[PDB]
Amino acid sequence: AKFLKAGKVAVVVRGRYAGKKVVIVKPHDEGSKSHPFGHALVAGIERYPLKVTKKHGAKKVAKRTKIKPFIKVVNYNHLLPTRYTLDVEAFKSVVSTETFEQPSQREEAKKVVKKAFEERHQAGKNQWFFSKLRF
Amino acid sequence: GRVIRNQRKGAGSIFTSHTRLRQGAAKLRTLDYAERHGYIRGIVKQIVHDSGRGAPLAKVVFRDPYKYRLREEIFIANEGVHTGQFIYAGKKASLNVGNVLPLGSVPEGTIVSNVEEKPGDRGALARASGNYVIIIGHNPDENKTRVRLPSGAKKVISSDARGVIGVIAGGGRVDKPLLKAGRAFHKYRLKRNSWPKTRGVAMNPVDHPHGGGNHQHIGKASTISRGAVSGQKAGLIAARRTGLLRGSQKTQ
Amino acid sequence: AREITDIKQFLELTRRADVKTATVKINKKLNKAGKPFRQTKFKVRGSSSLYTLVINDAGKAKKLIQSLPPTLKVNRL
Amino acid sequence: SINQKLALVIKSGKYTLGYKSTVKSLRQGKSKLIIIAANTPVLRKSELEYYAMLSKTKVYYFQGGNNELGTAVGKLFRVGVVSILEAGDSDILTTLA
Amino acid sequence: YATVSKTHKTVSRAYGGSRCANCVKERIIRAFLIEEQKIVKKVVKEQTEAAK
Amino acid sequence: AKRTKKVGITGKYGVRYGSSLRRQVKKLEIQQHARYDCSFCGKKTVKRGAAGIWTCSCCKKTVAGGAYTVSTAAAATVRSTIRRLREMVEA
RNA sequence: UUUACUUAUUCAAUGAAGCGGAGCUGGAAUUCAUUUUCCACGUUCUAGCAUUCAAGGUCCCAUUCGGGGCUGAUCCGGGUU
RNA sequence: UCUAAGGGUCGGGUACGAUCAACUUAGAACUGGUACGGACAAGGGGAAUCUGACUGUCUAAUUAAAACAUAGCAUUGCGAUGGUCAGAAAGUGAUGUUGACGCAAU
RNA sequence: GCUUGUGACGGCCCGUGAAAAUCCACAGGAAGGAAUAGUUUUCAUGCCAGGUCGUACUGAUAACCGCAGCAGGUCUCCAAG
RNA sequence: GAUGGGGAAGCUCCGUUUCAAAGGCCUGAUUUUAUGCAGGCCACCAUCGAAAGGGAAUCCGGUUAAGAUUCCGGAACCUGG
Ligand SMILES: [Mg+2]
Ligand SMILES: [Mg+2]
Ligand SMILES: [Mg+2]
Ligand SMILES: [Mg+2]
Ligand SMILES: [Mg+2]
Ligand SMILES: [Mg+2]
Ligand SMILES: [Mg+2]
Ligand SMILES: [Mg+2]
Ligand SMILES: [Mg+2]
Ligand SMILES: [Mg+2]
Ligand SMILES: [Mg+2]
Ligand SMILES: [Mg+2]
Ligand SMILES: [Mg+2]
Ligand SMILES: [Mg+2]
Ligand SMILES: [Mg+2]
Ligand SMILES: [Mg+2]
Ligand SMILES: [Mg+2]
Ligand SMILES: [Mg+2]
Ligand SMILES: [Mg+2]
Ligand SMILES: [Mg+2]
Ligand SMILES: [Mg+2]
Ligand SMILES: [Mg+2]
Ligand SMILES: [Mg+2]
Ligand SMILES: [Mg+2]
Ligand SMILES: [Mg+2]
Ligand SMILES: [Mg+2]
Ligand SMILES: [Mg+2]
Ligand SMILES: [Mg+2]
Ligand SMILES: [Mg+2]
Ligand SMILES: [Mg+2]
Ligand SMILES: [Mg+2]
Ligand SMILES: [Mg+2]
Ligand SMILES: [Mg+2]
Ligand SMILES: [Mg+2]
Ligand SMILES: [Mg+2]
Ligand SMILES: [Mg+2]
Ligand SMILES: [Mg+2]
Ligand SMILES: [Mg+2]
Ligand SMILES: [Mg+2]
Ligand SMILES: [Mg+2]
Ligand SMILES: [Mg+2]
Ligand SMILES: [Mg+2]
Ligand SMILES: [Mg+2]
Ligand SMILES: [Mg+2]
Ligand SMILES: [Zn+2]
């Protein structure tokens, strides 16, 4: 299918976020007035949770498991579509075209996705995704 | 009577090798655990020209089974191997050009380079651009393997002597006339001070056994005895025949 | 070594602690095509470099001059 | 032959040539079959292979180099991958392939 | 290069001032794919070891 | 305009060394300067430089080969045998 | 005299790293009582990544943050090979 | 003293015009006490014999050659516990960062 | 135009044409670090100090070597019409 | 070319990381006190050898009988703290 649909996981392949894993939340298959290319709106993980261990106690665990997100308008030709896939519904809304334009709105979206992304990492749910891709 | 030229060479003065530019010494990986129980993968990272050498070298890097670090080797590149190729070295390793394998684990007729005489000597036979050795049989009890070296000599070594599948790159180098003195000059310029060569027969008697006389001539049989003595031995040493080899050579 | 144009920023150099001396230079120059105009360069000797500020406009300069810190040590011309 | 089929397509169907644009086609799921030349590197191959499974698209490993694949599709240049979007009369889509 | 600020010695993607970006693109795909295939390799020959 | 009747690239040497030596060099020179097909991307862009080192303009792969030609009869037929012998140890 | 031994003597290799012996498990094997045995006993589409006594499991310190044992990684001989 | 040919740079709805800057080369007149690469600069040529193929080398200070070297050709030794060579000796050295498409000796 | 610097190319090789100090970067993520206030000196500005020996002239038909103010020899850079 | 060594009657010869028990960095542990020990590494093996090779950083104007990228004037830059 047109597999770049509403839940597909992909890896960024070009530019800062290169190497980082994402989730498409809304695809603009063909075109923008701007973005003259097939492009996706992804929220993804910029600074992954650091591996946690038995030794890790109390507050360090809390510390180690902080996630740092990001949100990107990104050309299809810079995503490696994955076989995997993650539920988008809690930040369906918060990641929009209108989200971009104005920083404040962008900062908020990341707050939201962050709350989302961190909750999700606790209790397994969507593993792999919260694990760095080494290269 | 003067010390003659071939005695002078041994004290190594002007006669030592011209070594400054060489890539390093080519030699198989040390025969460790990996290589003799299983196998181990590398990448040929670069195949590169060693000065005063017939054949290309091949820089080939591996992991260090015991420490987190890269350790690289210098291989004489067998013809056909290439940058980026994977190389496997070990008892249980596959039989392709480039890989290195104990002469036991390859069937008769296999063709291998840089093969060691004793296992772990990091490789001694067949290293010149062009040369190789063919395995011509095994004797499983007391694990030997018999080969035929470049010379034509057969010789029978341990089954654990590592060889490397293939022949040595840069072959046929010697079909091209040197054409002028300069090329020979530049050839030797990067090996050692052994060119050009004055004939013993153009020297005075101080200089050589061939020295002097009113015409140029050797004056006595130039086939010299094995049990000659330094200063005598020049000509055809221990020569067991002499003259134009008429008739097909090739050992039986 | 440094040319400056923010007339704000400038003033903040002149009151910048490490700044003992200053020096004004005056220049007859020509404007655009025909006429002349009186250029003035405002040089502040800081510790690690000399900041200079050109006021092409005559008026803009005269006013700027009385502004100079009473406790600064201007070299006139 | 397989060439013969392919040549049928090329004279009556719809197709795109080359890596960048058969990926456009794979994304769109427009591709019915993609044809892969021998010498084409494994990264490229494995990458297509992946885009291929994702779009649920069968894959044929042309047992020939990119030079001839170009000949196959009747083009005076080389091609390292073909994508079928519309098979003309040819049965490549529903034969041995 | 030690008399000159950090930004002058890098670009902002992973392996900034070190590998050629078109070369990181490559790292990534390969990384991803070889790792994915590992799973297939694991689970294909896992199948064997119940049917052989 | 046909420039030499036969000495070809060997013209630089002019009259020296003798027809026969020139004849031999001409062969391997033509061999060694020539531009070859690349196994890997399939563009004829493999040129020599340094004996036995053949490397490729685009796609940058260096292949170890014969001293004046990319592949060598011997090395081919060895390739050939190693095939043969390998297969004996898969089935 | 032959041919066998290894500790003298001799030769090589290595930041003396995995040797020799036994056991586990797979499995060919054909069972003439039941095992007599023989091999195996974590890596091969790809110019990626492989490091912090390791994560896991389990046991302690007296729970704070830190940290230790054991296992993961089977035994026995200290003949580096 | 004339003639001809060989260039730049600008606007044109989606055929040209305007100028700026160059020594090259050929052609034609006129002219002189037939001179003019006017000083400077600047190969003598040809036909053979002997001999070394060529370029290169040497007797500093009586020999530059036909002598040495060279490519090419041919022979010899050697698979490392080795060939050839060094040292009084040695837990010593040259070839050797080497392996017969090699090193050594003619 | 001449000198010289440099670039993108191209020719050649059985010749493919040094080393080390030193400097930077990236992969890694040990660890440390905030709201009643933390982290930051690879951004700017500001403070201090920087020892030791050589430094004259000649470099040649007179400062060097040839017994000498010897027609010899003795490494280089700049270069007008 | 010193060094554990190995030769040599001996002056000395050989070996240069070599059949050697070949060493120092980061900071924690101190709040008896200054540095014992708590980690963890690195096994790198002397040294001399370039006033043309490598290499942190300066320019202009003025100035002397004779010094100047060294003085003075101005304006910088590097290294360490
Ligand atoms: Mg040497
Ligand atoms: Mg000589
Ligand atoms: Mg000869
Ligand atoms: Mg001779
Ligand atoms: Mg000779
Ligand atoms: Mg003579
Ligand atoms: Mg004599
Ligand atoms: Mg005699
Ligand atoms: Mg004689
Ligand atoms: Mg004679
Ligand atoms: Mg930058
Ligand atoms: Mg990072
Ligand atoms: Mg050992
Ligand atoms: Mg004209
Ligand atoms: Mg004009
Ligand atoms: Mg006419
Ligand atoms: Mg005569
Ligand atoms: Mg001559
Ligand atoms: Mg000449
Ligand atoms: Mg003379
Ligand atoms: Mg004399
Ligand atoms: Mg002469
Ligand atoms: Mg003379
Ligand atoms: Mg002849
Ligand atoms: Mg001894
Ligand atoms: Mg010059
Ligand atoms: Mg080059
Ligand atoms: Mg850098
Ligand atoms: Mg810790
Ligand atoms: Mg700073
Ligand atoms: Mg001076
Ligand atoms: Mg003088
Ligand atoms: Mg004198
Ligand atoms: Mg004189
Ligand atoms: Mg000594
Ligand atoms: Mg020194
Ligand atoms: Mg120096
Ligand atoms: Mg210097
Ligand atoms: Mg001055
Ligand atoms: Mg003075
Ligand atoms: Mg002076
Ligand atoms: Mg000063
Ligand atoms: Mg100052
Ligand atoms: Mg500082
Ligand atoms: Zn290629």
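The listed protein sequences derive, respectively, from chains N7, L2, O8, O0, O4 and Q3.
Numbers given in PDB author numbering equal positions in the first sequence, counted from 1, plus 1.
Numbers given in PDB author numbering equal positions in the second sequence, counted from 1, plus 1.
Numbers given in PDB author numbering equal positions in the third sequence, counted from 1, plus 1.
Numbers given in PDB author numbering equal positions in the fourth sequence, counted from 1, plus 8.
Numbers given in PDB author numbering equal positions in the fifth sequence, counted from 1, plus 61.
Numbers given in PDB author numbering equal positions in the sixth sequence, counted from 1, plus 1.
All residues carry an ideal CB built from backbone N, CA and C; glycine is no exception.
Can you pull the chain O4 residues whose beta carbon is under 7 Å from the beta carbon of residue i, in chain order?
i              : result
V12 (chain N7) : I89 and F93
Within this structure, are the beta carbons of residue i and residue j separated by less than 8 Å?
i               : j               : result
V10 (chain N7)  : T98 (chain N7)  : no
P108 (chain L2) : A162 (chain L2) : no
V31 (chain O0)  : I92 (chain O0)  : no
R30 (chain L2)  : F63 (chain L2)  : yes
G212 (chain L2) : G67 (chain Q3)  : no
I83 (chain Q3)  : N205 (chain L2) : no
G53 (chain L2)  : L191 (chain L2) : yes
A105 (chain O0) : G72 (chain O0)  : no
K42 (chain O8)  : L31 (chain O8)  : no
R3 (chain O8)   : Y52 (chain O8)  : yes
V47 (chain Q3)  : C59 (chain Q3)  : no
Can you pull the chain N7 residues whose beta carbon is under 7 Å from the beta carbon of residue i, in chain order?
i              : result
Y27 (chain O0) : What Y27 (chain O0) touches in chain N7: nothing, since even the nearest Cβ is about 11 Å away.
How many whole angstroms separate the CB atoms of residue i and residue j, which I take to be in contact at a CB cut-off of 8 Å?
i               : j              : result
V20 (chain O8)  : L12 (chain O8) : So it is not a contact: roughly 11 Å between Cβ atoms.
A129 (chain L2) : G55 (chain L2) : 5 Å
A44 (chain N7)  : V96 (chain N7) : 5 Å
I48 (chain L2)  : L58 (chain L2) : 7 Å
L134 (chain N7) : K22 (chain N7) : 6 Å
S54 (chain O0)  : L94 (chain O4) : 5 Å
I42 (chain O0)  : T79 (chain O0) : That pair is no contact at about 18 Å.
Along chain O4, which residues have their Cβ under 8 Å away from the Cβ of residue i?
i              : result
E55 (chain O0) : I90 and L94
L51 (chain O0) : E87, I90, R91 and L94
By the criterion of Cβ-Cβ separation under 9 Å, what are the contact partners of residue i in chain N7?
i              : result
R74 (chain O4) : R15, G16, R17, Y18, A19 and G20
Give the interface partners of residue i over in chain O0, defined as CB-CB distance under 7 Å, in chain order.
i               : result
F136 (chain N7) : Within 7 Å Cβ-Cβ: nothing; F136 (chain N7) doesn't reach chain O0, min ~13 Å.
Residue i touches chain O0 at which residues, Cβ-Cβ below 9 Å?
i             : result
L5 (chain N7) : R35
By the criterion of Cβ-Cβ separation under 9 Å, what are the contact partners of residue i in chain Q3?
i               : result
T111 (chain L2) : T82, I83 and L86
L150 (chain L2) : Under the 9 Å cutoff, chain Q3 gives no residues; its nearest Cβ is about 16 Å from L150 (chain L2).
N97 (chain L2)  : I83 and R87
Strictly below 8 Å CB to CB, what residues from chain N7 border residue i?
i              : result
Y59 (chain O0) : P82
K86 (chain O4) : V14, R15 and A19
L62 (chain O0) : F4, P82 and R84
Along chain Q3, which residues have their Cβ under 7 Å away from the Cβ of residue i?
i               : result
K119 (chain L2) : Within chain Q3, no residue comes near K119 (chain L2); the closest Cβ sits about 25 Å away, beyond 7 Å.
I166 (chain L2) : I83
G73 (chain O0)  : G43
Which residues of chain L2 have a Cβ atom closer than 8 Å to the Cβ of residue i, listed in chain order?
i              : result
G12 (chain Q3) : Those within 8 Å of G12 (chain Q3) in chain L2 number zero; the least Cβ separation is about 14 Å.
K62 (chain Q3) : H83, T84 and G85
Mind pulling the chain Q3 residues with CB within less than 8 Å of residue i?
i              : result
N47 (chain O0) : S40, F41, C42 and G43
What residues from the segment 81-102 of chain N7 come within 9 Å of chain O0, judged by C-beta to C-beta, listed N to C?
-> Under the 9 Å Cβ criterion, the segment 81-102 of chain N7 contributes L81, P82, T83 and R84.
Contact residues within the segment 70-86 of chain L2, judged by C-beta distance below 8 Å to chain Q3 | Result list: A78, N79, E80, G81, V82, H83, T84 and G85.
Residues in the segment 75-104 of chain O0 having any Cβ partner in chain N7 nearer than 7 Å = Listed in chain order, the positions of the segment 75-104 of chain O0 with a beta carbon within less than 7 Å of a beta carbon of chain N7 would be empty, since no residue qualifies.
Under 7 Å (Cβ pairs) to chain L2, residues found in the segment 14-42 of chain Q3 = Of all residues in the segment 14-42 of chain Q3, only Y18, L22, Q25, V26 and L29 place a beta-carbon less than 7 Å from a beta-carbon of chain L2.
Members of the segment 32-65 of chain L2 that neighbour chain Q3 once the beta carbon cut-off is set at 8 Å = Hits within the stretch, in order: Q47, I48, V49, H50, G55, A56, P57 and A59.
Using a Cβ-Cβ cut-off of less than 8 Å, list which residues of the segment 176-197 of chain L2 approach chain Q3; keep chain order.
-> Within the segment 176-197 of chain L2, those residues whose Cβ lies closer than 8 Å to any Cβ of chain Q3 are, in chain order, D176, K177, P178, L180 and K181.
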